[PDB]
Novice: 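Dropping the structure in here first, questions after.
Worth knowing before you read on, the calculation uses all heavy atoms, side chains too, and leaves out hydrogens, waters and symmetry mates. Note on naming: letters A, B, ... go to the chains in the order of the sequence lines (proteins, then strands), and numbering restarts at 1 for each one.
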Amino acid sequence: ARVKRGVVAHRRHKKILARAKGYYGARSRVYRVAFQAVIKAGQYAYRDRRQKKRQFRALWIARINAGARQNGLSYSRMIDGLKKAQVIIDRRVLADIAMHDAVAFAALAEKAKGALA
Amino acid sequence: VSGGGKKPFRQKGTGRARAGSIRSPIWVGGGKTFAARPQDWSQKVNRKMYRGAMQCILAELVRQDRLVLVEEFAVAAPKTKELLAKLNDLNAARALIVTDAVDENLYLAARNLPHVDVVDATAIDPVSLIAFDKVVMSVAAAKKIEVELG
RNA sequence: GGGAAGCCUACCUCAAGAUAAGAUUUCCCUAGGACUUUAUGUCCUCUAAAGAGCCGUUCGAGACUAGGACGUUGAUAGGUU
RNA sequence: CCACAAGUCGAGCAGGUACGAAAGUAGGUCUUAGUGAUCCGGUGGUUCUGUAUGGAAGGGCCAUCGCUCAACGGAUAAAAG
RNA sequence: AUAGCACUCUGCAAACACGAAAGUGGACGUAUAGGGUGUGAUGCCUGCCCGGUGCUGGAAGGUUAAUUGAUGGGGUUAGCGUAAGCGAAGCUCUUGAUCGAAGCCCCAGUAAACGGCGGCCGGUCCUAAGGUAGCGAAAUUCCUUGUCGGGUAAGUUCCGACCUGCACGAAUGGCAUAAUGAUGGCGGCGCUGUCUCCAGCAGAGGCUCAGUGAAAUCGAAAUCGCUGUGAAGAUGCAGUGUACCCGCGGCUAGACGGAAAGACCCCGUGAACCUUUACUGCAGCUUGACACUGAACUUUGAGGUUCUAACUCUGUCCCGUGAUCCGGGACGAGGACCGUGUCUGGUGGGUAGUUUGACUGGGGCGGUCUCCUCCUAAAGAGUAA
RNA sequence: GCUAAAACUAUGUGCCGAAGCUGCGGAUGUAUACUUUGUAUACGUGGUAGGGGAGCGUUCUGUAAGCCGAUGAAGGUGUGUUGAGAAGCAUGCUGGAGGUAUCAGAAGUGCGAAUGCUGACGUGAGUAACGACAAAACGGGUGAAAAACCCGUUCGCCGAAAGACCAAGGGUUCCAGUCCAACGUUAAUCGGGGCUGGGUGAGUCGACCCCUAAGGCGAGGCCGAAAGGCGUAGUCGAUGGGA
RNA sequence: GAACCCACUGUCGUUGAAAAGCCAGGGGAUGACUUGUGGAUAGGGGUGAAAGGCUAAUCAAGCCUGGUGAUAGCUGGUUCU
RNA sequence: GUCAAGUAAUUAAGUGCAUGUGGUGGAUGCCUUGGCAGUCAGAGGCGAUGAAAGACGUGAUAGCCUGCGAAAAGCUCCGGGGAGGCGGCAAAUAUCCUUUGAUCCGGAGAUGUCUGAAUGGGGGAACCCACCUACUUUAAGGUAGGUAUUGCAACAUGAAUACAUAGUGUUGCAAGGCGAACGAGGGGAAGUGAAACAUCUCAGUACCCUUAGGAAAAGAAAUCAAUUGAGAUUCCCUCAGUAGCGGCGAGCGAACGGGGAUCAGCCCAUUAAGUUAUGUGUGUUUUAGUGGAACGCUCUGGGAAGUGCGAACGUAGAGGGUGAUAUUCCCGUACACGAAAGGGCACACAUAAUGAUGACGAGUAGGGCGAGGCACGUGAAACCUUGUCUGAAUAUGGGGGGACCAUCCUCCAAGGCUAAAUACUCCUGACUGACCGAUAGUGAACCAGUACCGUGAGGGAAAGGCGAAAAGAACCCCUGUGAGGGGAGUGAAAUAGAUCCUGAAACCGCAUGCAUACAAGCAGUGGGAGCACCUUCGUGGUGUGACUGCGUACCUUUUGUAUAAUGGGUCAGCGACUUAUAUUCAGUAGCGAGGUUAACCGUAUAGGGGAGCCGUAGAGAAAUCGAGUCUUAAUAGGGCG
């Protein structure tokens with residue numbers, strides 16, 4: 001029972017090269033270089049699925065800081081005031097409201113500073 | 001493999017990978033790494049295990065209704081059409097026929113029929129008992145297989 | 001306040017690719033249609049300026065380039081006196 | 001106590017002793033160093049074996065002898081640049 | 001290497017060499033010849049040592065092989081014994097007296113044989129003997145660029161001389177020497193782009209155009225500087241500075257640039273070849289015993305004299321035969337020697353197979369390697385250099 | 001960049017901050033109870049050398065005289081879709097005759113590396129070089145095309161060889177006609193290139209022949225385990241002698 | 001001092017015109033000379049005016065084929081989930 | 001309208017990504033006048049009557065291969081067969097042959113150059129030079145035969161030397177060389193293992209030499225055994241990795257007994273069985289061949305053997321081919337027939353010849369010295385062979401039973417012949433494969449031991465595929481009457497168009513969309529504006545990616561690598577834990593105090609075959625005991641159970 005390797009080997013190499021579409025130079029043409037490139041892309045994706053949450057939380061905090069300083073508070077004081085007032089709206093919704101609705105954010109800041117007082 | 005006695009080139013100085021013969025299994029045209037030889041594929045089967053397997057096969061055939069007992073099964077002349085009619089009336093078109101003795105007329109009649117074979121009572125084998133759709137057995141053959149206990 | 005062949009200027013050369021892309025003098029181009037994606041909009045017809053280059057005769061300029069002079073309204077090169 | 005191979009302490013029981021009137025003490029010396037496995041042979045004993053049988057030769061068992069094998073768990077009977 | 005010199009071996013079937021033998025070279029030669037070894041024209045010469053190793057000559061004293069087999073002790077059984085036990089002969093196992101050569105131990109000679117020519121403070125010890133001529137900071141001298149003289153403005157080189165010669169020295173030759181040397185060192189005249197210090201010119205490439213058309217290398221590249229960090233010397237990391245995209249002619253500071261699985265060093269119970277008083281074999285050479293191997297007379301088992309018939313002749317003549325082989329025959333000279341087979345002692349780097357430890361602030365040299373006591377050892381045991 | 005700090009000391013109130021903890025969804029290992037269950041609860045799920053468990057694909061044998069196929073198999077090339085993965089399924093184009101379920105059985109059963117082996121193709125790069133510095137110029141001819149071919153007129157180089165012969169060695173390279181893909185380090189109408197056809201005339205030249213040297217072989221012969229070694233008579237052997 | 005036989009110095013060449021050369025100089029050149037043809041010596045052997053030189057671009061033991069897939073406590077490599 | 005500030009759009013010398021369409025290249029798939037391993041049955045040789053292997057010739061055209069040999073792709077006779085044929089590359093063409101029987105197939109004859117054991121002499125193989133007879137020629141020749149050596153026999157001749165012998169010659173007979181493996185005999189290593197190495201191992205292996213046959217060798221007890229039994233030789237399974245041997249190391253390794261395969265004995269001078277030749281007879285087999293059943297319609301299609309519907313044969317539904325997949329189209333298959341002539345084998349007769357210089361075994365058995373062989377290395381070492389030296393008795397005798405002696409048992413050496421069961425495959429016929437399918441399988445599927453390399457021994461490749469059928473592209477156009485292409489035409493298909501099935505990747509072009517000339521690094525990843533096309537108009541799809549956070553390849557080896565430590569230019573194909581035997585453990589199945597056969601027989605996976613193996617009892621060195629045994633004076637104690 002002699003076995004030839006051509007069909008299966010060709011299928012595996014073609015799948016790797018198909019996943020390597022769009023890369024520069026030999027990285028999308030040459031099997032060795034392409035194979036090294038796909039593994040590194042997977043590792044980067046695994047790491048960045050964790051980095052994404054931190055980056056977006058930082059963005060929300062910056063926007064909330066800008067809105068608070070427009071209303072006369074700092075970010076830390078506004079967060080403490082909301083916690084004391086028992087509002088449990090999270091930073092994503094707070095930043096959305098800060099971006100798109102100034103009056104509602106002003107009301108939230110009034111509530112927070114009233115609780116701080 | 002023919003040839004291959006001499007070292008292709010010196011051990012050091014040439015810049016090539018070191019080699020000892022042009023018939024190394026690494027090289028194209030070289031020998032096979034593990035070359036095969038003729039083999040014997042027969043296994044040992046215990047006598048009691050073989051007899052028990054034959055008994056189980058016969059019992060399964062009986063309770064599946066694939067064994068047909070007939071008092072006498074003889075053919076008048078070596079004629080394939082006559083044998084075909086005799087099997088069709090019994091509704092055993094695809095069948096293995098077991099008899100106490102193998103009449104020459106019956107053997108000659110059955111030789112050319114597809115899916116029909118005739119064996120002696122002392123020549124039954126487990127694969128043949130299973131492969132055919134039905135087994136048509138004479139009473140005398142059944143008695144001899146009874147004496148042999150499968 | 002004074003205070004050195006040392007520092008910054010001062011002397012010579014390069015320098016706006018200094019994307020912060022600077023300044024001054026002078027010169028040139030002033031026509032009609034169709035349509036929709038109604039916009040420094042795309043296609044037709046007419047027009048081709050001020051200049052630059054190709055080419056040629058060449059250089060005290062030159063590896064190739066670049067740079068300088070000239071092309072009949074002419075002394076740019078050879079010849080002739 | 002210890003990888004193994006080895007090493008250390010020991011009450012008590014039977015037989016035969018020595019010293020004490022006796023209860024008793026004694027299986028070397030206050031203790032911890034003074035050492036060498038296996039193989040091969042030598043000597044004493046033996047109700048073991050004994051290649052047809054009776055013996056015998058040879059072998060076994062118990063006791064004991066021949067190592068600076070000191071590179072001292074000891075590659076050979078026998079070896080420098 | 002050489003002509004010349006010396007030592008030594010070789011009496012002819014020469015020594016020596018090749019070959020398993022037959023045989024061949026030496027040589028169609030004959031000690032004024034042939035082989036081996038050292039020195040190296042010529043001039044003057046060539047000192048002392050024989051204890052060591054070798055070689056040559058003696059000795060018949062001690063030791064020793066094969067061979068031989070006197071004695072002594074066992075095994076077995078006829079028989080004798082109640083039994084224990086004793087036990088001839090015959091077979092057999094063992095022990096080993098006597099005879100027995102060369103070699104070795106012993107005594108002399110030999111250095112143009114291999115070798116040696118001292119120590120410790122005039123003396124002394126010790127040797128086999130303690131360096132003659134000649135030469136000497138040398139192709140030899142560490143200290144050392146010794147000291148003095150000459151040459152130069154200045155000379156670790158050169159020449160002359162001195163002599164505390166680390167560590168010259170007489171055929172592994174000493175001191176000189178005309179001529180000769182693509183030989184080593186030093187100094188002069190002439191001459192010059194060797195140089196101060198380079199300039200111009202001629203030819204062939206380089207460069208441009210047309211035609212043909214390689215090479216080593218190469219994980220992939222969107223392939224800057226600096227300071228720091230870091231598998232410890234960064235284009236690629238951190239901070240920072242600078243920088244529009246792409247060629248062509250030059251250049252070699254880096255890419256620990258290319259080339260060859262480092263040759264130096266260490267390791268492997270790797271390899272090969274070479275040496276010897278490393279171990280163990282063998283060839284070759286040599287000794288004795290038995291066989292081929294006989295006869296007749298003597299002397300004190302051995303020795304002697306004679307003979308021929310075994311055997312030898314690379315001696316003469318004849319035949320096969322037209323023949324320097326070979327065989328047969330006839331002579332002659334030898335002769336139980338020589339030589340060969342088996343066994344046995346000696347010698348044996350000629351040749352062969354191999355061995356020649358490990359730890360280790362790299363390896364080598366030095367030291368260590370097993371056992372007992374104390375400390376290191378951190379109040380149970382154990383614990384490294 | 002910072003000086004009643006954005007430095008140091010002490011105290012306090014908030015906040016930021018990890019793949020740690022919590023929230024929501026999903027998977028899996030072990031154990032305890034449901035007294036089959038595949039179900040709930042509890043505790044777990046970073047890993048080299050290693051140990052254990054469960055699988056995916058490839059070729060061949062039976063099942064298979066079965067099932068799929070010119071109304072289009074294998075193979076190639078896209079697209080969509082499914083699972084935790086190795087992978088599966090469907091279909092457009094190309095292709096033109098085979099493929100093979102399920103469950104068993106056997107292995108030449110899976111490649112990126114070994115200065116691995118064979119073939120093809122890159123980078124250097126249109127880069128170095130085009131093989132004695134004896135040297136060329138022009139007119140005409142032919143031709144698709146002429147620096148290199150032919151004819152002619154000039155110039156230069158060798159001339160004890162860069163000329164003329166012979167042996168050895170080579171083997172058609174010699175001559176004529178015809179052709180230019182490959183060969184010629186460029187082009188070629190030319191050639192020692194392809195194709196077709198011709199050409200070598202001996203008593204005196206050489207060989208053959210007669211004769212022998214070194215040496216070889218060698219009837220008998222001597223010697224050696226065998227194979228073989230040497231050698232007599234002879235017989236060969238030119239580089240020499242013989243019209 | 002030419003031919004002929006050598007190989008002392010220097011430049012160039014080093015993917016060369018050349019796996020040992022060219023150019024300019026250099027040594028011997030009637031002799032222990034150079035050279036053609038044909039023969040002899042064969043691998044622990046040959047030959048060597050002696051360098052371990054030469055024995056077909058190979059020499060501290062030539063080349064070829066066999067033992068042979070020698071052995072390697074060393075280095076490298078070892079393929080799906 | 002000028003001016004001034006601020007800020008968009010607009011370039012591509014070239015490049016990147018994606019897609020479309022190509023080139024180069026030859027993977028993959030499918031296929032096969034080639035290999036590999038076997039079973040059954042044969043055969044086991046050719047050669048002086050000139051072999052194997054070659055050179056040169058031979059054709060209407062004639063280069064190579066095949067055949068043949070100056071009678072040269074052939075000649076004669078006999079048999080078969082019945083319409084085409086003049087071998088292949090390799091078409092065309094010409095001349096032609098053939099029903100008065102060609103080509104073709106089988107058997108028997110004729111001819112058969114040169115080299116090569118080469119054999120008249122010589123020699124650098126395919127060449128040079130001769131002599132003697134008989135016939136023929138008249139010129140300088142031709143035909144045929146002969147002319148080697150060695151051994152044996154007969155005859156003749158004949159030395160030293162008188163008889164003789166040696167030597168010499170003639171005639172007759174025989175031998176030499178080649179070729180696969182297997183047999184017998186003469187010589188005989190080392191690498192390696194022992195973790196070094198010398199005894200030992202490797203191993204009487206590799207290799208060299210001589211020489212048979214279809215087989216060879218061995219063989220009929222001076223053999224074993226130890227209840228007084230078996231009964232020649234050879235081969236297989238056990239006994240058994242036991243008893244033993246061994247620097248007692250590494251390792252080497254029996255026999256007795258039992259079970260099978262095959263079976264067979266006969267003679268020494270009047271002399272046997274058996275074997276080999278020749279002829280005859282009978283039987284079988286073989287070398288050419290002959291006959292040999294049965295299908296139509298319809299649909300798809302270039303083509304039907306494929307779809308659908310019905311039918312026929314079967315002692316034939318093996319296989320191959322035909323335009324795709326056929327029991328009924330062709331060749332065939334089952335079956336039944338068949339030989340002028342020749343060959344093999346079997347049995348039986350006749351003649352030879354052999355067996356068969358040998359008649360009971362003397363330089364023999366035994367012994368001393370040195371070696372070799374036996375599983376057995378000097379050992380307590382029996383037995384066998386002998387290089388050297390010796391040396392009996394002879395049936396009232398002699399050999400053996402593992403040192404040796406006695407008693408018993410057994411056999412008769414120093415003379416011979418003999419089948420089967422066993423070993424092998426250069427070769428021939430038929431058949432088979434969980435063997436390969438062009439980098440595989442032989443080195444070689446093809447003009448391969450070739451090209452090429454080497455002085456030589458020797459080494460040693462690459463290279464398969466148009467189409468069913470050449471129907472292999474008439475004619476026109478560009479071009480140099482070239483190469484190459486565009487039309488036309490053939491074909492189902494021409495992107496099947498000649499190195500032509502399919503046509504992957506590396507690598508190299510052209511086209512369209514987007515991005516890109518103020519910006520520093522393993523080139524991605526998580527975000528994310530704009531643009532182009534599509535669109536179910538969308539919280540949609542495809543391509544691109546301005547700006548931005550993070551981010552120093554892979555493998556190996558290491559305490560530790562971005563490392564400036566190793567390896568890789570890239571792609572495609574190939575490339576490394578296997579096979580046999582023994583043993584132990586775990587799963588699983590059968591039987592169970594029992595389980596199981598081996599060789600072998602067997603028209604054979606069955607059924608027989610119980611020899612043997614494992615388990616069922618330990619203790620002890622052993623004799624011996626035995627649920628106990630050993631140690632000990634001990635019944636004590638203790639060790640193994």
Novice: Using whole Å, report how far NZ of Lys15(A) lies from P of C111(F).
Specialist: 13 Å

Novice: What is the nucleic acid contact for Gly81(A), judged by heavy atoms within less than 4.0 Å: base, sugar-phosphate only, or nothing?
Specialist: nothing

Novice: Classify the nucleic acid contact of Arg94(B) as base, sugar-phosphate or nothing, counting any heavy atom under 4.0 Å across all strands shown.
Specialist: nothing

Novice: Looking for any heavy atom pair under 4.0 Å, which part of the strands does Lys83(A) touch: base, sugar-phosphate only, or nothing?
Specialist: sugar-phosphate

Novice: Check for me whether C447(H) stacks on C446(H) (ring centroids under 5.5 Å, interplanar angle under 30°).
Specialist: no

Novice: Checking contacts here: which listed nucleotide (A220(E), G549(H), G460(H)) is nearest the side-chain heavy atoms of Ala26(A)?
Specialist: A220(E)

Novice: Could you check whether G197(F) and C60(F) make a Watson-Crick or G-U wobble pair, counting it only if both donor-acceptor distances come in under 3.5 Å?
Specialist: no

Novice: Considering Watson-Crick and G-U wobble pairs with both distances under 3.5 Å, what does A63(D) pair with?
Specialist: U43(D)

Novice: Just checking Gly22(A): base, sugar-phosphate only, or nothing, at a heavy-atom cut-off of under 4.0 Å?
Specialist: sugar-phosphate

Novice: For the side chain of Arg47(B), counting heavy atoms from C-beta on, which of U65(G), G524(H), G610(H) is nearest?
Specialist: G610(H)

Novice: Please tell me which of the listed nucleotides, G590(H), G573(H), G29(H), lies nearest to the side chain of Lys4(A)?
Specialist: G29(H)

Novice: What are the two closest non-hydrogen atoms of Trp27(B) and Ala19(B), and how far apart are they?
Specialist: CZ2-CB, 3.8 Å

Novice: Is there a donor N/O on one and an acceptor N/O on the other, under 3.5 Å, for the side chain of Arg12(A) and the base of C80(G)?
Specialist: no

Novice: Starting at atom NE2 of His13(A), determine the distance to atom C1' of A87(F), rounded to an integer number of angstrom.
Specialist: 17 Å

Novice: Looking at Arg5(A), does any N or O in its side chain come under 4.0 Å of the phosphate oxygens OP1/OP2 on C574(H)?
Specialist: yes

Novice: Is any side-chain nitrogen or oxygen of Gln39(B) closer than 4.0 Å to OP1 or OP2 of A580(H)?
Specialist: yes

Novice: Report the base-pairing partner of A162(F) (Watson-Crick or G-U wobble, both distances below 3.5 angstrom), or none.
Specialist: none

Novice: Figure out the CZ/P separation between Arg10(B) and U58(G), and round it to whole Å.
Specialist: 13 Å

Novice: Among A440(H), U75(G), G526(H), which nucleotide has an atom closest to any side-chain atom of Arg2(A)?
Specialist: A440(H)

Novice: Mind checking if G44(G) stacks on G45(G), six-ring centres under 5.5 Å, planes under 30°?
Specialist: no

Novice: Please classify the nucleic acid contact of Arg49(A) as base, sugar-phosphate, or nothing, using heavy-atom distances under 4.0 Å.
Specialist: nothing

Novice: Scan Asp80(A) against the nucleic acid and name what it touches under 4.0 Å (heavy atoms): base, sugar-phosphate only, or nothing.
Specialist: sugar-phosphate

Novice: Here, do the bases of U557(H) and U558(H) lie with ring centres under 5.5 Å and ring planes under 30 degrees of each other?
Specialist: yes

Novice: Would you measure the distance from the P atom in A586(H) across to the matching atom in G609(H) and give it in whole Å?
Specialist: 36 Å

Novice: With a 4.0 Å cut-off on heavy atoms, is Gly29(B) in touch with a base, just the backbone sugar-phosphate, or nothing at all?
Specialist: sugar-phosphate

Novice: For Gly42(A), report the nucleic acid contact type (base, sugar-phosphate, nothing); a contact means any heavy atom under 4.0 Å.
Specialist: nothing

Novice: Taking the six-membered rings only, are the centres of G538(H) and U539(H) under 5.5 Å apart with their planes within less than 30° of each other?
Specialist: no

Novice: Are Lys40(A) and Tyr44(A) in a cation-pi contact, defined as NZ or CZ under 6.0 Å from the six-membered ring centre and within 45° of the axis?
Specialist: yes

Novice: For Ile61(A), which contact category applies under a 4.0 Å heavy-atom criterion: base, sugar-phosphate, or nothing?
Specialist: sugar-phosphate

Novice: Considering only the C1' atoms, how many Å lie between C501(H) and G464(H), rounded to the nearest integer?
Specialist: 13 Å

Novice: If a pair has to be Watson-Crick or G-U wobble with both distances under 3.5 Å, does that hold for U132(E) and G239(E)?
Specialist: no

Novice: Determine the Euclidean distance between corresponding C1' atoms of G26(F) and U45(F); express it in Å to zero decimal places.
Specialist: 15 Å

Novice: Wobble or Watson-Crick, both distances short of 3.5 angstrom: do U212(E) and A129(F) pair?
Specialist: yes

Novice: Using Watson-Crick (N1 to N3, and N6-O4 or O6-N4) or G-U wobble (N1-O2, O6-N3) distances under 3.5 Å, do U234(H) and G609(H) pair?
Specialist: no

Novice: Write down the distance between CZ (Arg54(A)) and P (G549(H)), rounded to a whole number of angstrom.
Specialist: 16 Å

Novice: When you get a sec, tell me which of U109(F), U115(F), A316(H) is the closest nucleotide to the side chain of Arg111(B)?
Specialist: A316(H)

Novice: I want to verify a distance call: between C117(F), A86(F), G314(H), whose nearest atom is closest to the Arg16(B) side chain?
Specialist: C117(F)

Novice: Taking NZ, NE, NH1 and NH2 as the nitrogens, is one of them in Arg77(A) or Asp80(A) under 4.0 Å from a carboxylate oxygen of the other?
Specialist: yes

Novice: Using a heavy-atom cut-off of 4.0 Å across all strands, would you classify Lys40(A) as base, sugar-phosphate, or nothing?
Specialist: sugar-phosphate

Novice: Would you indicate, yes or no, if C16(F) has its OP1 or OP2 atom less than 4.0 angstrom from a side-chain nitrogen or oxygen of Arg57(A)?
Specialist: yes

Novice: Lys81(B) near the nucleic acid: base, sugar-phosphate alone, or nothing, with a heavy-atom cut-off under 4.0 Å?
Specialist: base

Novice: What distance, rounded to whole Å, do you find between the two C1' atoms, one in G169(H) and one in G145(H)?
Specialist: 23 Å

Novice: Is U171(H) base-paired to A225(H), counting Watson-Crick or G-U wobble with both distances below 3.5 Å?
Specialist: no

Novice: Would you measure the distance from the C1' atom in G177(F) across to the matching atom in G191(F) and give it in whole Å?
Specialist: 15 Å

Novice: Who does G246(H) pair with, Watson-Crick or G-U, both distances under 3.5 Å?
Specialist: none

Novice: Going by modelled atom types, is there a donor-acceptor pair between the base of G590(H) and the side chain of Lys48(B) at under 3.5 Å?
Specialist: no

Novice: Checking the side chain of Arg50(A) only, and the main-chain atoms of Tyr46(A) only, is there a donor and an acceptor separated by less than 3.5 Å?
Specialist: yes

Novice: How many Å lie between OH on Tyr31(A) and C1' on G219(E), as a whole number?
Specialist: 15 Å

Novice: Using the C1' atom in both, what is the distance from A254(H) to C239(H), to the nearest Å?
Specialist: 11 Å

Novice: Tell me if the NZ atom of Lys86(B) is crowded by more than 12 foreign heavy atoms within 6.0 Å.
Specialist: yes

Novice: So, with the rule that both contacts fall under 3.5 Å, do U210(H) and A184(H) count as a Watson-Crick or wobble pair?
Specialist: yes

Novice: So what's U53(D) paired with, Watson-Crick or G-U wobble, going by both distances under 3.5 Å?
Specialist: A406(H)

Novice: What does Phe35(A) touch in the nucleic acid at a heavy-atom separation under 4.0 angstrom: a base, only the sugar-phosphate, or nothing?
Specialist: base

Novice: Could you tell me the separation between the NZ atom of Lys79(B) and the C1' atom of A312(H), rounded to a whole number of Å?
Specialist: 13 Å

Novice: Quick one: do the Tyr31(A) and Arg12(A) side chains pair a donor with an acceptor below 3.5 Å?
Specialist: no

Novice: State the pairing partner of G36(E); accept Watson-Crick or G-U wobble contacts with both distances under 3.5 Å, and report none otherwise.
Specialist: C7(E)

Novice: Classify the nucleic acid contact of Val1(B) as base, sugar-phosphate or nothing, counting any heavy atom under 4.0 Å across all strands shown.
Specialist: sugar-phosphate

